[PDB]
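The structure appears below as structure tokens.
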Amino acid sequence: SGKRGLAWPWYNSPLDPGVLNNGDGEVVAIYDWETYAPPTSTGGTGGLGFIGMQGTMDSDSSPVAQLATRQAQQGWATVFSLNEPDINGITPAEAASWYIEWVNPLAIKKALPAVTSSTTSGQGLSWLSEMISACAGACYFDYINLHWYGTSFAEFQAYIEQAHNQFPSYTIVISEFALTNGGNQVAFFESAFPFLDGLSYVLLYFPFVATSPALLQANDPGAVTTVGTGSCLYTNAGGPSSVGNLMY
Ligand SMILES: [Cl-]
């Protein structure tokens, strides 16, 4: 059981997820922030298990009325829910009620919404604790879902240990993580992979981001400002980058 997965944007039709699957089983999963199949150069997912994701309450691209049908047609083993509701003006009670209505009926493994690493009350893990209070046992889930961006491996380690200390019986997936712009992304992931591989309560982790610098600059310039291009798992030619090599 590897834990590694691809955070695979909507704009990745040029790239092949199989490039980061060398058959040694470290890379096992792919998600694309949507409920439609990853856009790839191969028509497949390179042997990786696709995890659907209802990242907004409803969108043109992931209409929530189609969430059950898409899961059934595509046979996901796992589904992810809202993307960073903690900073997008969704109340813990609104999320709980939407989650019970729309996600609960998918009879597979389920993740509560991805929250940010914010220490603010009503954001991050505080927002998540308030959503779990609102659910009061009525949200069916398997995982909690973390994001992290910061400036040091030490801060990242402290944050995952803090999440485990708050939710010690919970299983964690890390759907997005990298250093902010200027950090040495290679040194970070070289620390972070063996650390996360050693935690029995972390099931999956997805470096931000399994694309190329050119596609991230073309489609997501805000991400290039925030993270730079050093965390892109792909090269501009579709090969593995210095960070992609760490995935094997
Ligand atoms: Cl974060």
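Atom set for the values below is all heavy atoms of this structure, side chains included, hydrogens, waters and symmetry mates excluded. Heads up: numbering here begins at 1 and tracks the sequence.
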*For residues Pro240 and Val19, report the shortest heavy-atom separation together with the two atoms involved.*
CD-CG1, 3.9 Å

_For the backbone of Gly239 and the side chain of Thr235, can you confirm whether one donor and one acceptor N or O come within less than 3.5 Å of each other?_
yes

*Donor-acceptor pair, side chain of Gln166 and main chain of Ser126, under 3.5 angstrom*: no

*Min side-chain heavy-atom separation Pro113-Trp98 under 4.5 Å*: no

*asked:* Applying a strict under-4.5 Å side-chain criterion to I, L, V, M, F, W and Y, I'd like to know whether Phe208 and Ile87 cluster together.
replied: no

*Apply side chain to side chain contact (heavy atoms under 4.5 Å, CB included) to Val227 and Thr180, showing your working.*
CA-CA 4 Å; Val227 171; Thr180 64; over 6 Å; no

*Measure across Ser41 and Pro14 and return the closest heavy-atom pair with its distance rounded to 0.1 Å.*
CB-O, 3.7 Å

*Check whether any side-chain N or O of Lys3 sits under 3.5 Å from a backbone N or O of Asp197 as a donor-acceptor pair, and report yes or no.*
yes

_From CG (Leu246) to CG (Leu233), nearest 0.5 Å_ = 9.0 Å

*Which of parallel (below 30°), tilted (30 to 60°) and perpendicular (above 60°) describes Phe156 and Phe153?*
tilted

_Heavy-atom pair of closest approach, residues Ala163 and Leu146_ = CB-CD1, 3.7 Å

*Could you check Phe141 against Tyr170 for ring-ring contact (aromatic ring centres under 6.0 Å, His included), going step by step and ending with a plain yes or no?*
CA-CA 10 Å; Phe141 65 95; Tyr170 288 41; 5.6 Å; yes

*Could you state whether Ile100 and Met53 fall into the same hydrophobic cluster, counting links through intermediate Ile, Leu, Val, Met, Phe, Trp or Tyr residues with side-chain heavy atoms under 4.5 angstrom apart?*
no

_side chain to side chain contact (heavy atoms under 4.5 Å, CB included) partner of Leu128, the single match among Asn145, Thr116, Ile144_ = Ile144

*asked:* Quick check on the hydrophobic clustering: are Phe167 and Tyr140 connected, directly or via other members, by side-chain heavy-atom contacts under 4.5 Å?
replied: no

*Kindly compute the distance separating CH2 (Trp10) from CG (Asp32), expressed to the nearest 0.5 Å.*
12.0 Å

_Check: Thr40 main-chain N/O paired with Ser13 side-chain donor or acceptor under 3.5 Å_ = no

*Nearest 0.5 Å, what's the CZ-OH distance between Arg4 and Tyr248?*
12.0 Å

*At their closest point, which heavy atom of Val115 faces which heavy atom of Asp86, and how far apart are they?*
CA-OD1, 3.4 Å

*Angle class for the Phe177/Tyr205 ring planes (parallel below 30°, perpendicular above 60°, tilted otherwise)?*
perpendicular

*Would you check, one step at a time, whether the test ring-ring contact (aromatic ring centres under 6.0 Å, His included) holds for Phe188 with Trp148?*
CA-CA 12 Å; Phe188 172 78; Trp148 186 90; 5.6 Å; yes

*Euclidean distance, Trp8 CH2 relative to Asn12 CG, rounded to 0.5 Å*: 4.5 Å

*Got a donor-acceptor contact below 3.5 angstrom from the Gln71 side chain to the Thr78 backbone?*
no

*Rounded to the nearest 0.5 Å, what's the gap from CG on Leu20 to CG on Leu48? Could you check?*
8.5 Å

*Going only through I, L, V, M, F, W and Y residues with side-chain contacts under 4.5 Å, is there a path from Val64 to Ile51?*
yes

*About how many Å separate CD1 of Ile108 and CG of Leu106, when rounded to the nearest 0.5 Å?*
5.0 Å

*Nearest heavy-atom pair of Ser62 and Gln54: which atoms, and what distance?*
O-NE2, 2.8 Å

_Hydrophobic clusters here meaning ILVMFWY residues chained together by side-chain heavy-atom distances under 4.5 Å, can you tell me if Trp102 and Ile132 are in one?_
yes

_Donor-acceptor pair, side chain of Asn219 and main chain of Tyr11, under 3.5 angstrom_ = no

*Give a yes or no answer on whether the side chain of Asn104 reaches the backbone of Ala138 with a donor-acceptor pair at less than 3.5 Å.*
yes

*Is the side chain of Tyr234 donor-acceptor paired with the backbone N or O of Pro213 at a distance under 3.5 Å, no angle test?*
no

_Keeping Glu94 on the side-chain end and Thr91 on the backbone end, is there a donor-acceptor pair under 3.5 Å?_
yes

*For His147 and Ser175, test the side chains for any donor-to-acceptor distance below 3.5 angstrom and give the result as yes or no.*
yes

*asked:* Measuring only between side-chain heavy atoms, which start at C-beta, is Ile174 closer than 4.5 Å to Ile172?
replied: yes

*Should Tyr143 and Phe80 be marked as a ring-ring contact (aromatic ring centres under 6.0 Å, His included) after you check the CA-CA gap, both sets of side-chain angles, and the distance that decides it?*
CA-CA 9 Å; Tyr143 316 128; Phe80 291 166; 7.7 Å; no

*Do you know which two heavy atoms are closest between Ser241 and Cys232, and how far apart they sit?*
OG-O, 2.6 Å

*asked:* Donor-acceptor pair, distance only, cut-off 3.5 Å: does the side chain of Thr226 make one with the backbone of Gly222?
replied: yes

*asked:* Are there over 12 heavy-atom neighbours, none belonging to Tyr36, within less than 6.0 Å of that residue's OH?
replied: yes

*Evaluate the side chain to side chain donor-acceptor pair (under 3.5 Å) criterion for residues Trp33 and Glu176: first the C-alpha distance (whole Å), next the side-chain angles of each, then the deciding distance (0.1 Å), finally the verdict.*
CA-CA 11 Å; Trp33 287 271; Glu176 300 184 8; 2.9 Å; yes

